[PDB]
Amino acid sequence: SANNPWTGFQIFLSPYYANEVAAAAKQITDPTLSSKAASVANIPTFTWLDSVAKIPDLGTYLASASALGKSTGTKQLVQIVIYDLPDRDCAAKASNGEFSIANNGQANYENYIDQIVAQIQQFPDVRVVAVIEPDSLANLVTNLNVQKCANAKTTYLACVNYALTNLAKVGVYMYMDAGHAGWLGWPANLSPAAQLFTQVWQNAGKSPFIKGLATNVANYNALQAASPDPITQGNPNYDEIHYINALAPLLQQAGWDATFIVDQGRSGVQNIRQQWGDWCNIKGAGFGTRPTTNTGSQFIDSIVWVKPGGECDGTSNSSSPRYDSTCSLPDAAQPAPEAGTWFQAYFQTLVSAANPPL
């Protein structure tokens, strides 16, 4: 639509990912691959606020972005992910979320949001784009037979509402997570998904800052596939563009001119999964299309890199208390360290298998 949040802004580059990448590139012994790896630090990614302990870091990023804007005569944009719901990841075998519904989870989440708002309010010259709560509302479409999800439903809805309502007051542009083509893109799931997302938008007051939805976050699907990946048989929506083209009109019919952003950070290599549901450290992945607002679709504001490639999805060590057995499957790269920590061998392959090449 007319207001693309990225137009006219320079994207602030994550210092944390830059430091991970710089350390990683020194460990790559081929000097040409090391040079290509070093250049990843100049590709914009999202910063994940996956615990309250990261909120002070957000304040430093906003202040640095504000000063860089003044130093260079530009307007800066910071990209963040809000990811701390109570009883987070209700359908997963293991969750690293720090809040629980049974221990004041909603109140703790609201305090987490209030602290984020307090930082953003101090730097009105910096634009913020936020992805709201990966792996949350999509579970309320297909996973209500999971008792933990059924019990979390009202809390997930109330917490997402609090985030949307309060971040809108400080002018944050928001995209709610909407799974991916192999989750909500099944034709039978499209209408229940559109009904849920529209309800959430209505309850939050239909703010123009609620721009739309994010897809493929931390996944591996193509935006536009040359031929369908075999894992997709039975689903005519075999890539993200098919999913978005099918869902967007349903949202428009309800009065919401929604737009989309699509993660392509680990999408460069297709046909590497044994089953569509396999999500953990998929072996052979490559960096995909770099972030751009030249998307080829009316409905897509930007291709983005939401999940930072090289940070592990989960451990393969079956003795860890954070162990998710999805991370032991055959198409998962192993041995793998704990979720969120740097996985050097995986990063090196992301660089070597990048498509387009770095």
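Heads up: residue numbers just count along the shown sequence, starting at 1. Each form is matched to the other, and the largest set of C-alpha atoms that superpose within 1.5 Å is called the rigid core.
Engineer: In 5 other deposited structures of this protein, superposed by the rigid core, which stretch departs further from the shown form in CA positions, 316 to 324 or 62 to 70?
Structural biologist: Between 316 to 324 and 62 to 70, greater C-alpha deviation in 5 other deposited structures of this protein belongs to 316 to 324.
Engineer: Determine, for 97 to 105 and 240 to 248, which one has C-alphas that on average lie farther from this form in 5 other deposited structures of this protein; superpose on the rigid core first.
Structural biologist: Of 97 to 105 and 240 to 248, the stretch deviating more in 5 other deposited structures of this protein is 97 to 105.
Engineer: For the stretches 319 to 327 and 61 to 69, which has the higher mean C-alpha B-factor as given in the deposited record?
Structural biologist: Higher mean C-alpha B-factor in the PDB entry: 319 to 327.
Engineer: Which has the higher mean CA temperature factor in the PDB entry, 207 to 215 or 184 to 192?
Structural biologist: Here the higher of the two C-alpha B-factor means belongs to 184 to 192.
Engineer: Sort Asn143, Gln275, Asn166, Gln115 by C-alpha B-factor from the entry and give me just the highest.
Structural biologist: Going by the entry's C-alpha B-factors, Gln275 comes out highest.
Engineer: Quick one: which of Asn245, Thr259, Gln253, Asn281 shows the highest Cα temperature factor in the PDB entry?
Structural biologist: The record points to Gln253.
Engineer: Going by the CA temperature factor in the PDB record, which third of the chain does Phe99 belong to: lowest, middle or highest?
Structural biologist: Answer is middle: the recorded C-alpha B-factor places it there.
Engineer: For the chain shown, is the CA B-factor of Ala37 in the lowest, middle or highest third of its modelled residues?
Structural biologist: Its C-alpha B-factor, which the entry lists for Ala37, ranks in the highest third among residues of this chain.
Engineer: What third of its chain, lowest, middle or highest, does the C-alpha temperature factor of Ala225 fall into?
Structural biologist: Top third by C-alpha B-factor.
Engineer: Using the B-factors in the PDB entry, rank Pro44's C-alpha atom against the chain and give the third, lowest, middle or highest.
Structural biologist: Lowest third, going by the recorded CA B-factors of the chain.
Engineer: Name the third of the chain's ranked CA B-factors that contains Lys93, choosing lowest, middle or highest.
Structural biologist: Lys93: CA B-factor falls in the highest third of its chain.
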